[PDB]
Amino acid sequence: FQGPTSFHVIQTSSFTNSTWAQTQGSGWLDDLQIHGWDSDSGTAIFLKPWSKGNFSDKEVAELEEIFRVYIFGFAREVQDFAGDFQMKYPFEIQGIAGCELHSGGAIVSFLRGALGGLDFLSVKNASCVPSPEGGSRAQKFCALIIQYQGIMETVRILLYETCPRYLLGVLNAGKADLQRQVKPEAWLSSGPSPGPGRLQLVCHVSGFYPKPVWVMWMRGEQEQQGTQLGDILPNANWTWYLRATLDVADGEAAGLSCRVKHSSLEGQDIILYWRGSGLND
């Protein structure tokens, strides 16, 4: 099956000073947001009709409350211990936790935390592991955290028992959207290139879903190894945009074409032909 294979929640907690902190949170299937966190209410926003997966409203409500309690207590405890942990304001903490379905069916869970944009800890084997960039501060935190009753056992349950069944239920519930095929459109443009008699040709590919795509500059059947792929950029409403570029000497552009392959095209590749002397659209 195609589309996302993982679910995770993220947290960003911004500490302005000893008495002001704000947290933002959300839930994702790979890159696709399916939950928001509403700080006005301390409840989740469900962005798709199927965002609850196969969970009951009761369990969903219970999970919202765990997160609400956690979000409040996290800020409270980080503020109380900031002095011991020699923290200088302002700082920002990040977390991500979730699970992923692998080839062959295994589901693997993960939890990672960051301070100042650098890895700080992870959870391996239901245990707090300090990260080297987190230094002695992260060693102190892990030794602290494992003494708070309930925390580690709740993390363990959520990571290894709640998340996998949630993941399987929501990938199924969302399959009409998650596994749909949306065709890209492609077009050509010519950019500037440094040095005498050099052109950059650009093949734009936009509006495709799922994310895997193949784009290559070609001369006939010969794929041009100079093809350079840009970063895959997002569009609104769950599609992607991608540029593939080729640098070529002025008199060698004629004969080039751009070939696009995508799961949605049912084997009918898009082929665009570069024409010289301004005979392009």
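Sequential numbering from 1, following the sequence displayed. In this text, the rigid core denotes the largest set of C-alpha atoms whose superposition between the two forms falls within 1.5 Å.
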186 to 194 versus 125 to 133: which one's CA atoms end up farther from this form in 8 other deposited structures of this protein after a core fit? 186 to 194
After core superposition, the stretch with larger RMS C-alpha deviation in 8 other deposited structures of this protein, comparing 195 to 203 and 116 to 124, is 195 to 203
Please compare 1 to 9 with 271 to 279 and name the stretch with the higher mean C-alpha B-factor in the deposited structure. 271 to 279
Can you tell me which stretch has the higher mean Cα B-factor, 32 to 40 or 249 to 257? 249 to 257
Go through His204, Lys183, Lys175, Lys88 one by one and give the residue whose Cα B-factor in the PDB entry is largest. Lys88
Deposited CA B-factor, highest of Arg68, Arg243, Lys58, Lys48: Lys58
Of the three thirds of the chain ranked by Cα temperature factor, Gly226 occupies the highest
Determine, from the deposited record, the chain-internal third of the Cα B-factor for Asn54: lowest, middle or highest. middle
Quick tally, chain-level thirds of C-alpha B-factors: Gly95 sits in the lowest
Taking the entry's C-alpha B-factors for this chain, is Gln149 in the lowest, middle or highest third? highest
Taking only the Cα B-factors deposited for this chain, tell me whether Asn125 sits in the lowest, middle or highest third. highest
